[PDB]
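Here we start with a single chain on its own, the form deposited in one PDB entry, put down as structure tokens.
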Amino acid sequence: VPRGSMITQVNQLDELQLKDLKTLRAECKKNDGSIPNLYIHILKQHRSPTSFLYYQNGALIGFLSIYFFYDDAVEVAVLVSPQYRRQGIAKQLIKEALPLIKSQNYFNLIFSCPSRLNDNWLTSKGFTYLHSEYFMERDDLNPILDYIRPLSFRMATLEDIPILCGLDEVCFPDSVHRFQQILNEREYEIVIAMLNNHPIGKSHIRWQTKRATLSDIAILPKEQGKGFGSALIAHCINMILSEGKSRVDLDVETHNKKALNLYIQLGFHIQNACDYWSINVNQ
């Protein structure tokens, strides 16, 4: 019923809009299993008008936002209340966002999509699958037994920049500045895995009060398949539990779901899974 429809276009979300968006997020999560990446901490800050809110009678039923991370693409999050899907809401929101993307002269759009939900018809429309991002959690208080490999583990320091940059150069090709900034945030640590005296991998740890989060996990391609990734992740799990945390979270990017079996074996369960699909503007 169009009388009650309205689209609000904003530079940031006030506290009520954030509450509304979190309610919408929750109802999509229950229907879909996973949700797009919304970067709530970015929406809360004033930016210089990339959030588009669809209300029906003042109830938030649709949301789209644009995120200028890349220098030659833009990330797009779109969510529509399950009650109101297939009525053109997502298409209305994308149309509102396009002028702003064109004006910035970006031409490539990258959408984060709940795992498995849309693959059939994203393919039809010409989207290209890029990779997936999985957020997992291990809520077991028991440490991981075994998984011992001939590795030593070191906490990285500002002196390990060559080692860290070398690892990233092979896995995931200004890394000096990024590792310096990470190593200067007291919530972060990086564990380096050594085989004899050659660095062969690393994992980042972000510490919070009740949990810690593993990310940016790398094992050199030529050293994979020897148990080293499992040994490093087990080392990290046990380090986190020995500080008294009750949860280990994990953020991993993969092009293939089978790479996830390692983490399932170590007791992780998926809490959120997104697939990233790109498309050029003129479509």
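Here the rigid core means the biggest group of C-alpha atoms that line up within 1.5 Å when the two forms are laid on top of each other. The first residue of the shown sequence is 1; numbering continues from there.
Going from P173 to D174, the model skips 4 to 9 deposited residues, which lack coordinates. Missing deposited residues between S48 and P49: 1 to 3, all without coordinates in the entry. Two stretches are in play, 10 to 18 and 259 to 267, and the higher mean C-alpha B-factor belongs to 10 to 18. Two stretches are in play, 194 to 202 and 208 to 216, and the higher mean C-alpha B-factor belongs to 194 to 202. The PDB entry gives the largest Cα B-factor of the residues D119, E75, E189, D139 to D119. The PDB entry assigns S132 a C-alpha temperature factor belonging to the lowest third of its chain's modelled residues. The entry lists a Cα temperature factor for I148 that places it in the lowest third of the chain's modelled residues. Ranked within its chain, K226 lands in the lowest third, by CA B factor from the PDB record. Ranked against the other modelled residues of its chain, the C-alpha B-factor of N57 as given in the entry falls in the highest third. Ranked by Cα temperature factor within the chain, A26 sits in the middle third according to the deposited record.
The same protein has a further form, the form deposited in another entry, not shown here; the description that follows concerns it.
Note: rigid core superposed between the shown form and the other one; among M136, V76, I89, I192, the CA shift is 2 Å or more only at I192. Once you line up the core between the shown form and the other one, the Cα of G225 stays within less than 2 Å of where it was. Core-aligned CA deviation for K102 between the shown form and the other one: less than 2 Å. After superposing the rigid core, the C-alpha of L117 moves by less than 2 Å between the shown form and the other one.
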